[PDB]
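Numbers and lists here come from the model and the stated rules, or from a named source; no laboratory instrument gave them. Cβ: placed from backbone, ideal geometry, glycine included. Neighbour counts: every protein chain shown.
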Amino acid sequence: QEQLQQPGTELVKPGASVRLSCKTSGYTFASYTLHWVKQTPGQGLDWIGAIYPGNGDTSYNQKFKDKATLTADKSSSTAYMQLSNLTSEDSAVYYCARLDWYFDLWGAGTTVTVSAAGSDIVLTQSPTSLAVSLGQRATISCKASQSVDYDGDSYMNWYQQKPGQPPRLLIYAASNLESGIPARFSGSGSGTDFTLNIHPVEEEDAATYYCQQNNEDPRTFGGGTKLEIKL
Ligand SMILES: [Cl-]
Ligand SMILES: [Cl-]
Ligand code: NA
Ligand code: NA
């Protein structure tokens, strides 16, 4: 089975560098782009950049061009991201993943804790948290600053991250359920306005939901909506 294996934590000093690893297995490493993604409570998910391991070609989000360096080691099937000149602003969880929906695969993420004691498309989610009673309906909005559509398809996906689990694709291209996702989820929308619906909600649905667009570079995500069950 295909896996992206990342260490759990790194505890690091301001000013240091840290190298994160993503050990792949279960498929041909050189043949699929791998992406890295930063997660914080306030900013949701941020696309850092991507590497094609077959030849080492990289692309970086402008904002991370000096912070991150992506490499790949074909002999060990492992990708690495170096973060340099660490500051408090780097404390976050970092995931490696295959982001294209048809190849969706996520590592479990490495928490990097920097510790010292004393015209991109913007996606807006609404609400950013909600509690819903068992059997009732949750509805979440994602609005984009510019169209995410091309040729009648919406280049926008939703991701679910259940507590303690990696993110996974939930809905792709606005309205298609990923394999294995139950019929109680549905997605709608086009252009700049998209909606996730879950009804009837069950306990297993408690999670943080993120929208993402991949119509223009860089890929961008919403800040996330945390859904809990109202007891
Ligand atoms: Cl809101
Ligand atoms: Cl948001
Ligand atoms: Na391999
Ligand atoms: Na709103």
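Please count how many residues of segment 172-201 are out of contact with any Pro (no Cβ under 8 Å at 6 or more places or on another chain) and under 16 Å from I140 (Cβ atoms).
Step one: of segment 172-201, the residues out of contact with any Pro (no Cβ under 8 Å at 6 or more places or on another chain) are 172-183, 185-201.
Pick out the ones that are also under 16 Å from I140 (Cβ atoms) and you get 174-175, 177, 181, 185-189, 192-201.
So the answer is 19.
Hey, can you tell me all the residues within segment 1-24 that are surrounded by fewer than 12 Cβ atoms within 10 Å (Cβ to Cβ) and small (G, A, S)?
Within segment 1-24, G8, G15, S17 meet the criteria.
Take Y102 and tell me if it is assigned to a helix (DSSP H, G or I) and either touching a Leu at 6+ places or on another chain (Cβ under 9 Å) or outside the structural domain of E216 (by TED's automatic domain parsing) (or both). Outline the logic, then answer.
Values: assigned to a helix (DSSP H, G or I): yes; either touching a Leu at 6+ places or on another chain (Cβ under 9 Å) or outside the structural domain of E216 (by TED's automatic domain parsing) (or both): yes.
Judged against the criteria, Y102 is a match.
What single numbered condition from (1) surrounded by 20 or more Cβ atoms within 10 Å (Cβ to Cβ); (2) within 16 Å of ligand 4 (Cβ to nearest atom); (3) hydroxyl-bearing (S, T, Y) fails to hold for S126?
Status for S126: all satisfied but (1).
Which strands (runs of 3 or more DSSP E) does segment 1-96 wholly contain that include 1 or more residues that are on the phi > 0 side of the Ramachandran plot and touching a strand residue (DSSP E or B) at 6+ places or on another chain (Cβ under 6 Å)? Before the answer, list the steps.
On the way: elements: 3-5, 9-12, 18-25, 34-40, 44-52, 57-60, 68-73, 78-83.
So the answer is 44-52.
Might you let me know whether segment 32-49 holds any residue that is assigned by TED's automatic domain parsing to the domain that holds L105, within 16 Å of ligand 3 (Cβ to nearest atom) and aliphatic (A, V, I, L, M)? Please lay out each step first, then the result.
To start, the set of residues in segment 32-49 that are assigned by TED's automatic domain parsing to the domain that holds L105 comprises 32-49.
Filter again for within 16 Å of ligand 3 (Cβ to nearest atom), leaving 32-34.
Going one step further and asking which of them are aliphatic (A, V, I, L, M), we end up with 34.
The answer is yes, given that some residue of segment 32-49 is assigned by TED's automatic domain parsing to the domain that holds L105, within 16 Å of ligand 3 (Cβ to nearest atom) and aliphatic (A, V, I, L, M).
If you scan segment 84-104, which residues turn out to be buried (at least 18 other Cβ atoms within 10 Å of the Cβ) and over 18 Å from the mean Cα position of the chain (by Cα)?
Hit for segment 84-104 is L86, nothing else.
Taking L34 as the residue in question, decide whether it is buried (at least 18 other Cβ atoms within 10 Å of the Cβ), within 16 Å of the chain's Cα centre (by Cα) and over 27 Å from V122 (Cβ atoms).
On the way: buried (at least 18 other Cβ atoms within 10 Å of the Cβ): yes; within 16 Å of the chain's Cα centre (by Cα): yes; over 27 Å from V122 (Cβ atoms): no.
Spelling it out, it is not the case that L34 is buried (at least 18 other Cβ atoms within 10 Å of the Cβ), within 16 Å of the chain's Cα centre (by Cα) and over 27 Å from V122 (Cβ atoms).
Hey, could you check segment 154-195 for residues that are surrounded by fewer than 19 Cβ atoms within 10 Å (Cβ to Cβ), hydrophobic (A, V, I, L, M, F, W, C) and not in a strand (DSSP E or B) and say which is farthest from ligand 2 (Cβ to nearest atom)?
In this case the residue turns out to be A183.
Evaluate segment 105-123: report whether one residue or more is within 18 Å of the chain's Cα centre (by Cα) and within 16 Å of ligand 4 (Cβ to nearest atom). I'd like the intermediate steps shown before the answer.
Start the filter on segment 105-123 by keeping residues that are within 18 Å of the chain's Cα centre (by Cα), which leaves 105-112, 120-123.
From what is left, the residues that are within 16 Å of ligand 4 (Cβ to nearest atom) are 122-123.
Yes, the conditions are met somewhere in segment 105-123.
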